[PDB]
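Below you will find one chain, with nothing else, as structure tokens; this is the form deposited without the named molecule, and questions on how it binds or moves follow later.
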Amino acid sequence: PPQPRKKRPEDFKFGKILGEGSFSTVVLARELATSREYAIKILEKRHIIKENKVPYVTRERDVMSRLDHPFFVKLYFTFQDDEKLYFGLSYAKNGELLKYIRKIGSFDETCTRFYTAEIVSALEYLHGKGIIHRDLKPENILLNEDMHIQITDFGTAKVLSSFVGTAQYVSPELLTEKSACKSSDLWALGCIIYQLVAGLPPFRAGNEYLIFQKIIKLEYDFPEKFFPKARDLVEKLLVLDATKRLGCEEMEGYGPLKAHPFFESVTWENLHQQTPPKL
């Protein structure tokens, strides 16, 4: 199938930096022939080789190519010059969800229900494909123009036939066995639901080590205000035994999770078509 010609850096007007990865920087760019705004992730070939991240960058590019859902960032193109790799990603104008958490303080029952449902729906799609995010957080959950979610950051991701993510969202099994699966994402989800309601992640401490100490002993608690049905859901996600997490294969998958009382009024079938509640 004759696809288009390769794009090149001179086809774009590079603009502001949108972010920084571990071996990359994401730049807002405008395609001149179209006026289209893309978030171009730029990677330096020498640095990637030097740091032994060729399998990292490869996996990332391969995962993003495999994604085809409105709740995930899309990879439109890739090209390369003599020094750099460029990945043309969808641009989420309204930025990260973490900025909203900080701005509005903490979400009401409607917004929490809506944005959690989208995260559940996205994870259901991702996990049905045998992909695992391994680093999910509000920083990774972007918001497009129409205020729907767009998950990004697949560098750290794994495809089902090693690494430890952001300390606050790390699951216990990761801390002990040095292992992960779909259950690691569901733990992270539990942390997110908590942060949406409370305004803060559940396990917080002076340093990485103390955070990790709280995680393994399940040393967290709910504020007085916390919605009971969201409190219940979080309690069925922040479970130490990975096999007892609501939403995993042993717990009979996404059916029982999408069925939790917290999501009674949710119509799962067409979330992308729904108008997001005002924050």
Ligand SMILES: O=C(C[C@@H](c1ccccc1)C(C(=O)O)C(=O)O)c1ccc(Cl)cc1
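A residue's number is simply how far along the shown sequence it sits, counting from 1.
Of the other compared PDB entries of this protein that include residues on both sides, all give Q195 atoms, none of them, and so not a third, leaving it without. Where the other entries of this protein model the residues before and after it, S161 is dropped from at least a third of them. For the pair 96-104 and 117-125, the mean B factor over Cα atoms is greater in 96-104. Taking only CA atoms, the mean B-factor in the PDB entry is higher for 177-185 than for the other of 177-185 and 67-75. For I216, the recorded CA temperature factor ranks within the highest third of the chain's modelled residues.
Residue-level temperature factors show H47 in the highest third of its chain, judged at the C-alpha atom. Residue-level temperature factors show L240 in the middle third of its chain, judged at the C-alpha atom. Placement of the Cα temperature factor of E31 within the chain: lowest third of the modelled residues, per the deposited record. When the modelled residues of the chain are ordered by C-alpha B-factor, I149 sits in the lowest third.
Separately, the form deposited with the named molecule bound exists; it is not shown, and the next lines address it.
In the deposited complex, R30 stays away from the named molecule, with no heavy atom inside 4.5 Å. Residue contact check for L85: one or more of its heavy atoms lie within 4.5 Å of the named molecule in the deposited complex.
Interface membership of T34, defined by any non-hydrogen atom within 4.5 Å of the named molecule in the deposited complex, is ruled out. Residue contact with the named molecule in the deposited complex: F79 places a heavy atom within 4.5 Å of it. Residues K178, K236 and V239 are none of them found to lie within 4.5 Å of the named molecule in the deposited complex, as judged by heavy atom distances. Along 253-279, not one residue places a heavy atom within 4.5 Å of the named molecule in the deposited complex.
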